[PDB]
Amino acid sequence: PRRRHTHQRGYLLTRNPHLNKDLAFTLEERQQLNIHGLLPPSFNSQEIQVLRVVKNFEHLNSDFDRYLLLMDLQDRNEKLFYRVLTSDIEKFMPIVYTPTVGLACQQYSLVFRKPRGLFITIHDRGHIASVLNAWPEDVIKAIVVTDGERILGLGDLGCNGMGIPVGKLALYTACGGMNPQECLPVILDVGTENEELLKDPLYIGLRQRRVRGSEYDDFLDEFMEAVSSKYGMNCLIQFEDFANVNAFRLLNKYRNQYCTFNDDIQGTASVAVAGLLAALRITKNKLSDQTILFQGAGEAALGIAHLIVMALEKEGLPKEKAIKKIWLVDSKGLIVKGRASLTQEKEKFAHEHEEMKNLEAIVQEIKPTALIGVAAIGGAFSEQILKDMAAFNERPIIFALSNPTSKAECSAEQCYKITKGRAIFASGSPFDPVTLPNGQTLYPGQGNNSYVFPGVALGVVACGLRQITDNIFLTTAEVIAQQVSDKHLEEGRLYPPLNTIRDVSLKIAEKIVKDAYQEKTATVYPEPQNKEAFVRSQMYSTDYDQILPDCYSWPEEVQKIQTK
Amino acid sequence: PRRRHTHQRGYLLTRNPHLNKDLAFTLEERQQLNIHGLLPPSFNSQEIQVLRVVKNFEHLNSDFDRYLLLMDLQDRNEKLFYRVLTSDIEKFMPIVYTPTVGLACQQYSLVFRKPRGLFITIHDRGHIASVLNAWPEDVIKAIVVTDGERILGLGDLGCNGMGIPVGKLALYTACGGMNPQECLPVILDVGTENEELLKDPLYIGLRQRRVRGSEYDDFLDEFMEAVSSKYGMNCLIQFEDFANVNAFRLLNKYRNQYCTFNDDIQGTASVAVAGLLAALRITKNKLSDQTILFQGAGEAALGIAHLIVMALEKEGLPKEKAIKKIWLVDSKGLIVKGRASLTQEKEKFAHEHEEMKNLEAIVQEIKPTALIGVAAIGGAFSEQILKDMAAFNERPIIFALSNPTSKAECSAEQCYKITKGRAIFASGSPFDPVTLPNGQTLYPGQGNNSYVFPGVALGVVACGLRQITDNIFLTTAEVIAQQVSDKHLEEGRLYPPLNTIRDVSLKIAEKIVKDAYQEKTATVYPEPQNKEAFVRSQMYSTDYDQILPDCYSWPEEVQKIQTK
Amino acid sequence: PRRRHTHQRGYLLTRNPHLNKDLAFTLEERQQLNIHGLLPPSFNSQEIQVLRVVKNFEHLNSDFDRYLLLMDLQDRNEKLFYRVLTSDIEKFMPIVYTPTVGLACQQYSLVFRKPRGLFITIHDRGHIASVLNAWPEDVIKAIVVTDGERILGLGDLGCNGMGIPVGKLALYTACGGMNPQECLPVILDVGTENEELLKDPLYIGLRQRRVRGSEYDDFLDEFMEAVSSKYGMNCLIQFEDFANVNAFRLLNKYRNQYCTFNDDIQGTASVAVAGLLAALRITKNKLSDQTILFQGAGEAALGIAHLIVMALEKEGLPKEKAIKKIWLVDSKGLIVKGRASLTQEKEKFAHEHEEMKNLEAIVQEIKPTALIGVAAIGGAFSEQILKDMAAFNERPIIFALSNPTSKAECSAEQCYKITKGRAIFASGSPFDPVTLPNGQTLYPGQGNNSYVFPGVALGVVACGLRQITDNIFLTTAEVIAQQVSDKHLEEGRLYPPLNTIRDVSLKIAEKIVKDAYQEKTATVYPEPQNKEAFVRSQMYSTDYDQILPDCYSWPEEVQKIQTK
Amino acid sequence: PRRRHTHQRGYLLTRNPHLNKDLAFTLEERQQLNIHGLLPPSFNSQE
Ligand SMILES: NC(=O)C1=CN([C@@H]2O[C@H](COP(=O)(O)OP(=O)(O)OC[C@H]3O[C@@H](n4cnc5c(N)ncnc54)[C@H](OP(=O)(O)O)[C@@H]3O)[C@@H](O)[C@H]2O)C=CC1
Ligand SMILES: NC(=O)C1=CN([C@@H]2O[C@H](COP(=O)(O)OP(=O)(O)OC[C@H]3O[C@@H](n4cnc5c(N)ncnc54)[C@H](OP(=O)(O)O)[C@@H]3O)[C@@H](O)[C@H]2O)C=CC1
Ligand SMILES: NC(=O)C1=CN([C@@H]2O[C@H](COP(=O)(O)OP(=O)(O)OC[C@H]3O[C@@H](n4cnc5c(N)ncnc54)[C@H](OP(=O)(O)O)[C@@H]3O)[C@@H](O)[C@H]2O)C=CC1
Ligand SMILES: [Mn+2]
Ligand SMILES: [Mn+2]
Ligand SMILES: [Mn+2]
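## Looking at the interface of chain A and chain B
Taken together, the contact between chain A and chain B spans 48 residues of the former and 48 residues of the latter. Buried surface at the junction of chain A and chain B, both sides included, amounts to about 4400 Å², of which 60% is carbon and sulfur. When the buried surface of chain A facing chain B is broken down by residue, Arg15, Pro41 and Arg52 of chain A rank first, second and third, together holding 15% of it. The interface formed by chain A and chain B contains two salt bridges. Note that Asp75 of chain A and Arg15 of chain B form a salt bridge whose closest N and O atoms lie 2.9 Å from each other. The interface formed by chain A and chain B includes 15 residue pairs in polar contact. Counting only elements with at least two residues in the side of chain A that touches chain B, the list comes to α1 (11-14), α3 (46-58), α7 (100-111) and β1 (118-121) of chain A. Sort the elements by how many residues they give to the side of chain A that touches chain B and α3 of chain A lands first, with five residues. A per-class count over the side of chain A that touches chain B returns 27 nonpolar, 10 polar and 11 charged.

Shown next, in the form of structure tokens:
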């Protein structure tokens, strides 16, 4: 059992969620910590505390209510919170994170109770260092930061966006073993364009429009300097839920000098590629053999596309051959050389070709082996698309990644029905198992970002990686796919079970760490004997620490009170 | 505004519900307190904070949910909690106290989240003083203590009875202006005879049967020494929800030596007598002239009967004559001289008479002018009973005090219908107004303990009364009756409106204070010239204290830094 | 200024020597820190504070009393302490360190007032980690540890030796700008061989003889692990005043794994070599042209000679031929091949020659160009030896490094007299300037270890050097030599003035930093543009930090308290 | 003896002259109060 020898005592100790064990404090602990009397006279194991929380949890009426209970728990007893979450990760993850946290964010100003994380405003420009001083933990190793401009698929929720870093970091700990005491959730509030928040008497954020331009850019620059300067260059800074243009610009500006990544961009690319690589073990061919069409050409599309191209390069295909294997379709139709409304990013995939608008005709023309939906238009993979995909391919790869299911390009039911059970399918949001007329039940998995960010963070931090390369994400994808068993693939699953996520994370971290020592990118020395054991030692446990003073005697001769 | 300069700073300040203002902290406060950045960047007035709480309160679906919300509030921001409560005292009183606190106590072990008050067990015997040391407020002026043996009419709830002192003290503050920082809810856990709880894995108390006899009595003795020793002999100790024999025994043992009362006995007495004194203004006769019949002969009845006797003595009637004006019925029937099953206390009212069992007959024989239900038998005041009462009395006084409504001896509807609108009626649980055939609308009042205890406590503590005499409760009954206007009486109310409870408490306190300095019973000197203003100055306000340091300049010459 | 935002307030703030300004706190600072009233009502500039201290210092009767006064200052107001020291380092250095600290250590148990530093005993074996936890500063970058077995020339002073690490770390700050808050003095008490201490009722250490052997070695291993584990592998650990065999064994065992050095061995080497390199600018010839005779063969001689050999090798000489340039004399006389009583270390200088035991004849035989005294035998450089050195050499280099004065191999007076003014002289202890017969005055300097260790520590920590090589000491010696002007060399000074010592340290650290980036040994990234400005930014100023909260407004619109 | 239960621990406890016993703090007091290591390893009676 770990130590932690606190100087805190009495009432204020019970107010620190990292020290407070509530009823799991033993009589000895209570008396020694000067809190005996502040708790009822029973001693609970952690399991009994978990039963109590779960009894409450079940009598609630909704997931939002269940979220409120769990956030209350987080703010009173951090270890019990994590014990609860880890006790059934697949059940608790969608409560503290997506999709429920979506509603939590929409509702954040109304239900606002106890604050979590640090709020830094445009009006703190020049003072970010001193805002950091307000945070009561000095040793921070991981920051998740948002500006609330692009929350999930809900858009600009300004300061209400604070629900995202808080819940995301809960998953860093629960799924990846990051120390919660070492994690800092951050919102930068530069204003909001959210009309309802601007009108709303209860809104907790700055009641102003967003600050744009170089004032915004300088602010972010100060943010990066203040945080790395205070917590050291090794501190991970993860961007979440910024607007695309911002997310891309900020990632490119900083990635080469700070320990930073953007999960919406790079993590998405990673888990999508993991799924593709897993699928390859069913189609029994190479990435090189694929023709990939993206339904959508936005942040997810370009991120995934980028990473696929490197995977192709890694197979031994030159960049320009690599690129020609990938077609995009945006809201105006296929991306072709010299089409109107193209961006610099879309341009990279604008091959010479007739312009087309109709996705059915696009499918018939391109004949992809892999069709990836990241456009947020529900039902875009029509019956005709699915028949055509199953006609051109023995085992068509079909990813409906748009969330929630009401947005999915197709359902698993339609996908398997129309492709006569031949499709290799993955989704963004959970679909139930599907049983074919031959009595086999297929279990389509989700390309959940959680498979990526926890392990990456743990890896990067454990070995002191100063930079987070594209290769980190490609490597990570290979590790995930590797955890998928032949048995899983045969059941139609392209991702390891969600209930294993702790282990998947461990393996991702193991690999990054192993790699870092081998290519001398690690900064933590001396090099560990055993890389598995070392990563494990860096992982937060849900068991309570001991916090009692270390008490031990000396030989009586030298322990005696001298007199004369 | 009150100035209270805190030395607390940073995170831990926000964790103290006496310091924490939430979003009502100004920018200046936040920066000065080293918490700037721990809150979202909006600044709320107290009225805006209330609105947030009320919106959430109105989204909830049960009184229990409402109770849990307000209790979470109490533990985060005490001032805002009291601001919410006092915003609509009549609405909020039944949520934080009775009847809702009844369910809270049944569910206490299940919903246990953030502890409140001080738990002292039989096993801390000989160490009570060191248990007290855990309480983070040194200055304590009021204590409510239970052993949980008799929580409401719910029986032995042992350690689950902590809901009662906590909720009771909330009303001390809300209704009487007692400073919550100076209030200490206590449970003594000596075990429980509650069998579900002894079996309940979640039970927060000592999983054992109650300690009885002299070990119990000695423990209580230590409690009174430790408490009076630490907080001084002026600290008010109120007993609540003890079993019958204990309640009387403890009250009798200590009331002469400590500043102590029992509210189930003496407060009930005071509020019942107040309703009688008010009724007398309708029946236009003396207390002398009354014949009182109690349905029930427990804590309530015996307390009420004692104070009526004391009132009769005041008017000038000898004690043995006063006693003969009062008859009691227990579960065994009428209390008469030389009946089987008589406690020492019931003996005092056993007059020579034929034994009787049936309440209808008893009423027909005794022909009371006033009939008081304190037996918790619902519907005991049958049509025949009421008919009888209206037959022998021009204006029969009828108190149906049993709680809740289901246990009331009759409804207001029944009582008025069957007595042809003639009865003077009061109850323990609220009934809607009744409009009679003659176009009169009557508004039957509730004999709420809340009219009494907050004012008594405020008064006693304000002037430093060392003992709480019978006289205090009688004068209190008088003060309460005085706040009833003839308009009220003509409307059939025997109590002031509930929404004026703060004003009632002040008048009660004013009276106690004036009396104590008159009869030199006060211990707080020098005597204030203006007792009204002095009491008011002792009342807690729901406005935020200023906690920032006192900043002010000195003349230039003496403020300057000395160099050369 | 520099900003250090504390959460401490009220009395306890004044008790923290890093926060306390005493009378230099402004009225604003006082009111804001909740300490207004705890100080008399005058506001002093730091200079006024210094004037008060120095007046007190000048009225005292002994250097011992002055030491106690300054040590009392250190423990009340750290910044003022350092301000005082640095106002006249030549004056104050000999009070807080040698020779006064020698007497302090002899008297430590008698005068023990307020503790300084951390005490770790053999009896804490297995629990050193938890002893570290008592230290109130979490961020430690420099540790000075002794076991007290060889304090100065006063032998084994056991626990009383704690005065050495305290006084040494004062010089690290005063002379080199190490942050004292980041410094940790440590005594390891494994017992003492000092019989008078063992007998003394007041002795503050373990009343037992020294644990030897594997138990000792394992204890030291845990210490290294515990300290490097808590404070990190970049934390500088400097050994001081261990017995010889221990000092060497420990240094060799750890120098390749930990960021460690031993100042008695390696710092002595560096400063002595610096003096030699400076002398070469008078003799105007090369190091390889010298013949060096050591009076003594102890820790100092072996260490100095080792570094001379390296400097010769650098100039271009193979090792075996450089060794030939150095002759050692011990208590059994000259070291020569096959001789009785030879340690393996002496063996390295055991050349082919006949045994001799008379220093005078040894001189006459060897005809050294350089005579280095480190044998502690007062007066060993006799008039005859001084005549011989003057006869064989135009400018004989003569170092009487033995400490204090009474142990010097010769005085400045005698050296200059008998060598008729041509000796190039330096000592370990200060001698007054010497007026020669021709009325010119020479100013022999001191080979004071303070020229070396402050700058080495500053440099190593600034760039995060993980190991401290012999080259560091050689380079450092060169840098110090470079700081000596020609004019100084003509005044008989081999060392830069003590009053520039901060500047010397800065130069030394600049050089270490410049080299560490050049040769890819630095661990602090990114690489700074200006090494000079970088090092200087890391140096602790004696100017008071600002500790008030950072207060600043927001535009009126967003700072406004919101209502309805 | 009289008992005064302090919530103060570690370095700052030693800076309170009503709490601080110097070398009269026993090894157990020192370890309990999180000050073990801040004093030399001998225990003094008041005399
Ligand atoms: N791990 C997962 O499960 C993840 C799933 N996703 C899902 O992917 C979807 C897209 O996300 P993201 O890339 O961030 O969103 P963006 O807004 O960046 O991308 C939207 C893209 O869809 C395009 N589009 C809109 N209508 C059509 C249409 N009718 N036909 C073709 N393309 C169309 C837009 O076109 P234009 O460029 O012309 O506007 C744009 O290219 C979301 O539903 C998100 O939930 C995202 C990340 C992770
Ligand atoms: N201000 C208010 O609203 C207050 C209301 N009350 C109400 O009064 C009621 C009694 O409270 P309390 O006095 O504390 O309770 P106790 O339990 O102390 O007394 C109950 C009495 O009722 C008697 N009783 C039981 N059954 C019958 C029966 N069938 N016929 C006649 N008498 C019977 C019991 O008889 P025995 O002695 O034989 O057991 C006992 O004397 C409760 O319902 C309570 O809510 C109380 C205080 C204040
Ligand atoms: N910067 C400075 O000014 C420094 C000065 N010094 C000074 O140098 C002196 C030596 O210190 P250190 O080397 O640590 O001490 P040690 O005790 O390690 O070495 C002393 C040496 O003197 C030898 N010796 C003893 N008697 C004689 C003799 N009659 N003739 C010749 N040699 C003799 C001893 O011989 P054996 O091996 O036979 O015992 C031993 O070699 C001390 O006075 C110290 O103050 C030291 C470090 C730094
Ligand atoms: Mn996101
Ligand atoms: Mn009660
Ligand atoms: Mn030394």
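From this point, the narrative continues.
## Digging into helix α18 (residues 359-366) of chain C
All names here are of chain C. Buried within α18 are the following residues: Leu359, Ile362, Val363 and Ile366. Within α18, the buried residues cover an arc of 100° as seen down the axis, which keeps them to one side. Looking at the buried side of α18, the elements it contacts are β6 (292-295), β7 (326-330), β8 (333-334) and α19 (383-392).

## Examining the coordination of the manganese ion (ligand 6)
Residue and element names in this part refer to chain C. At the metal site, the manganese ion (ligand 6) is ligated by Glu240 (OE), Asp241 (OD) and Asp264 (OD), and these contacts range over 2.1 to 2.2 Å. Of the residues examined, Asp241 reaches a relative accessible area of 3% and is grouped as buried. For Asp264, a relative accessible area of 17% puts it in the buried group.

## Quick word on the interface of chain C and chain B
Opposite the 30 residues of chain C that make contact, chain B presents 30 residues. Both faces combined, the contact of chain C with chain B buries some 2600 Å², and carbon together with sulfur accounts for 58% of it. Considering only the side of chain C, the residues that lose the most area to chain B are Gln31, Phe43 and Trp554 of chain C, jointly responsible for 22% of the buried surface there. Where chain C packs against chain B, one counts 10 residue pairs in polar contact. Elements that contribute at least two residues to the side of chain C that touches chain B include exactly α2 (27-32), α3 (46-59) and α26 (556-559) of chain C. A total of three residues in the side of chain C that touches chain B trace back to one element, the largest contributor, which is α2 of chain C.

## Overview of the relation of the copies chain C and chain B
Mapping chain C onto chain B is achieved by rotating through 179° and translating by 0.4 Å along the same axis, at an RMSD of 0.6 Å. What we have between these two chains is a two-fold relation. When the interface residues of chain C are mapped onto chain B, 97% of them again fall at the interface, so both copies present the same face.

## Structural notes on the site of ligand 3
All names here are of chain C. Around ligand 3, a shell composed of 23 residues is seen, among which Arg150, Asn244, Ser331, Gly447 and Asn449 lie nearest. Within the backbone of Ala297, one N or O atom sits 3.1 Å away from an oxygen atom of ligand 3. Within the side chain of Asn403, a nitrogen or oxygen atom sits 3.1 Å from an oxygen atom of ligand 3. Of all elements in the fold, only α15 (299-315) and β7 reach the threshold of two or more residues within the shell around ligand 3. Across the shell around ligand 3, the residue classes tally to eight nonpolar, 11 polar and four charged.

## Comments concerning the coordination of the manganese ion (ligand 5)
Residues and elements named next belong to chain B. Protein ligation of the manganese ion (ligand 5) involves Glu240 (OE), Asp241 (OD) and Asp264 (OD), the donor distances falling in the range 2.0 to 2.2 Å. Going along the chain, you hit the donors of the manganese ion (ligand 5) in the pattern E-D-x22-D. In this pair, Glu240 sits in the loop between β4 (236-239) and α13 (244-254) while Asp264 sits in helix α14 (residues 263-283), placing the two residues 24 residues apart along the sequence. Exposure class is identical for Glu240 and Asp264. Each is buried.

Rules used in this analysis
Residues numbered from 1 in each chain as written, not as in the entry; some residues may be left out. Chains lettered and ligands numbered in written order. Part of a larger assembly, values for the part shown. Heavy atoms only, no water. Contact = heavy atoms within 4.5 Å. Buried area = accessible area lost by both parts, 1.4 Å probe. Salt bridge = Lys/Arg side-chain N within 4 Å of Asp/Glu carboxyl O. Polar contact = N/O pair within 3.5 Å; in protein donor to acceptor, adjacent residues only side chain to side chain. Helix = DSSP H or I, 4+ residues; strand = E, 2+ residues; numbered from the N terminus. Nonpolar A, V, L, I, M, F, W, Y, C, P; charged D, E, K, R; others polar. Buried < 20%, exposed > 50% of the residue type's maximum accessible area, 1.4 Å probe, protein only. Arc of directions from axis to C-beta. Donors = N, O, S within 2.8 Å, 3.2 Å for Na, K, Ca; no water. Least-squares fit on C-alpha atoms. Near = heavy atom within 4 Å.

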